[PDB]
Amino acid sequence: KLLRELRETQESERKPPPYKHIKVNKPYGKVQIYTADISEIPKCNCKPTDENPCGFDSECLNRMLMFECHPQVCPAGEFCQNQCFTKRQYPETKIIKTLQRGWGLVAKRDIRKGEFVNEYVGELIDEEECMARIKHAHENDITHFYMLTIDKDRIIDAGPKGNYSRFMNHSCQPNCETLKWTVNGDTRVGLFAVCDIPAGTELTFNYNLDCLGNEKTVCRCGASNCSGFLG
C-alpha cells in the first residue's frame, strides 16, 4: 500500500515547515479582545527597596493572584520582577528533532520549579472558527494541531503563527503546565515548570487539559504512566 510506503520513506528535513514567529496573540475574525488602561491594572504593596520586589519568592499581591504588574502602576517601579509576559522573559531554548513526535523544544539553562518558561501565543479564534479548522484538517489528513483553549469561545491557534511554545510536545508526565494570568486587561497562557528541569531536557506539557483535535492521535511520550492518546 502506497500510503504505507509514503510513511516508510520518513526522510530528514533540516527545518520545521513555515510558520510566522510572533511576539503577541493576534486576533482573527469575530473573536473577543479585552484591554485595560493603566488605571484599571491592579497595584501590589511591594516596595522598590524589597529583596526581590514582585519576585518569585516575594509576597507580591499581584503575583499570588496571577496578575502581571504594569511598569507605570507598580510601586517597585523598574525593579518589579513581575513583568515576565510583557518583557517576554523566556529561558533560552532550542528546537530539536525527536524520533517519533516531530520537532520539540529543549532549554539552554536549568529551569527551577514554578519558573516562567514561555507564553503560548498564536492566532486568536472563536469556537465556530476552531471547529471549522479542525473539520477541514481531519478531512485533509492533517495530523498536527496547535489549538489551546483560553476560555469558552477564545482558542489560541499557534499553527499559522506562534512562538517557540508551539514546538512543546505532549507528555503524560510533563515538566511544564499552563497557567492563565491576567496581563494588561486580558487572559494570557503561560507555561511554567512543575519541577526542576536540567538544561537539555525536552520541555513538555499535558495537552488533555486544554488542547483540541488530538482525540485520534496515538501518544508516543514514552512515560511509564502513558495513557496512549493526547486527547
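One rule holds for the numbers: they count along the sequence shown, beginning at 1.
Tell me which of 38 to 46 and 196 to 204 has the higher mean C-alpha B-factor in the deposited entry. Going by the record's values, the stretch with the higher mean is 38 to 46.
Between 54 to 62 and 27 to 35, name whichever shows the higher mean Cα B factor according to the PDB entry. The stretch with the larger average C-alpha B-factor is 54 to 62.
By the CA temperature factor listed in this entry, which of these ranks top: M147, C84, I142, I150? Of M147, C84, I142, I150, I142 has the highest C-alpha B-factor.
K161 CA temperature factor, ranked by third within the chain: According to the entry, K161 has a C-alpha B-factor in the chain's lowest third.
Grab the CA temperature factor for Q72 from the record and place it in the lowest, middle or highest third of its chain. As the PDB entry reports it, the C-alpha B-factor of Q72 lands in the highest third of its chain.
Would the CA B-factor of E78 place it in the lowest, middle or highest third of its chain? Highest third - that is where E78 ends up once the chain's C-alpha B-factors are sorted.
Where does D110 sit by CA temperature factor within its chain: lowest, middle or highest third? Top third by C-alpha B-factor.
For the chain shown, is the CA B-factor of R88 in the lowest, middle or highest third of its modelled residues? Its C-alpha B-factor, which the entry lists for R88, ranks in the middle third among residues of this chain.
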